[PDB]
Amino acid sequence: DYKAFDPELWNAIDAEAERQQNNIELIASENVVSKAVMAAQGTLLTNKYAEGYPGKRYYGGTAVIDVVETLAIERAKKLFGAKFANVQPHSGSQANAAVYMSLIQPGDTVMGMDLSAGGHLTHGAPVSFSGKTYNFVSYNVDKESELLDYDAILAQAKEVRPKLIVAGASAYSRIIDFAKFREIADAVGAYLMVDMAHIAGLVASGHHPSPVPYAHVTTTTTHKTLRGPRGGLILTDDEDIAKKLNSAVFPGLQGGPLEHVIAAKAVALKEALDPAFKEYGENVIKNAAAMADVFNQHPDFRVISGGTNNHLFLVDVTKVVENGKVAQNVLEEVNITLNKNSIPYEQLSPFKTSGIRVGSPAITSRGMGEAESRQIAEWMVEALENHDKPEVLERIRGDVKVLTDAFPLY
């Protein structure tokens, strides 16, 4: 009945479902969640106000909510090996804000990865509250290797004297050495915060090393590789920091939490505890590597750092099309959606960029394997090399429908 009351809206919703089905989604930060995760978010837990924490709420009627939120906290702790977790943050951005509010004061100096080399807005962009409220100094990757250089970062930290060093990225493909990051922090008396949003699913699956034992605080989105609902999570092993973080999230930054989304976080966390989640990780890794190999081997394309050891990579497209916006547009013409992306030391406009970013998680969740991944990468190459040949694009689009038909979304 309700779809009949509001056809403009439900038309659009059904349209997005079909668009997800008919597109090869390579946006590295997307995934395809389980029906269970969506169903948890679609429940009447949305009607409950629950300011406060389990056992100390500011409203009655919260005993069941407590069981739910407590499930979520305990499942995170268990899955990531942390002594404390906070599952209330609305987003990754909010989780990160809460941590800054807990460990440093406005105007304090913070080191963060450079936007262009893979850092997130909340790691010090001047347009973000992060850059506005704190004095962020950025570190980069090496210009020749495109890898983190832990000695250079140490040398810079010794000069800069930060209160906090932030590690983690949106577009770095290689394994990060968290033990080195903590060594660096320790050497200049800084806190270390790790934002593992992109890699949390791989930390869970055993395919990326955990920052949890080395960071004072670890943040993540519950979406992305962890294949959860859209939201945030915070972890730590320090009881005192945990009190500060809890106060920072509420009443410091947020009001009432989204308990329906929290339910959905509990769902996702239990899915990631299942042994099958190790299989998903292994496949995420293989699928991304297979796609990258195609570009490595092709002479007109270069993969940043020469490859990947996680779920994503970047490709410099500028020998074949003008810039990354162009490549993003062309691939979209063949129902392959990704995002243009700055590469390290990017020479072009931020609105244009020299690169594209590709990820495996969504296709891996639809059940695709190495060969499909390889084929996709061939079609991307082919579409960019023939971007001005409508007839080729038309043909690729049809080949892609065969593949999407063959691995249905749900």
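Position 1 is the first residue in the sequence shown; the rest follow in order.
Relative to its counterpart among 342-350 and 360-368, 342-350 has the higher mean temperature factor, C-alpha atoms as listed in the PDB entry. In this entry, 318-326 has the higher mean Cα B-factor, the comparison being between 318-326 and 282-290. Across 297, 246, 309, 94, the entry's maximum B-factor at the CA atom is seen for 297. For the set 332, 271, 195, 177, the maximum C-alpha B-factor listed in the entry falls on 332. Among all modelled residues in this chain, the alpha-carbon of residue 265 has a temperature factor (C-alpha) in the lowest third.
In the PDB entry, residue 396 places in the highest third of its chain by CA B-factor. Residue-level temperature factors show residue 145 in the highest third of its chain, judged at the C-alpha atom.
In the PDB entry, residue 9 places in the middle third of its chain by CA B-factor. In the PDB entry, residue 17 places in the middle third of its chain by CA B-factor.
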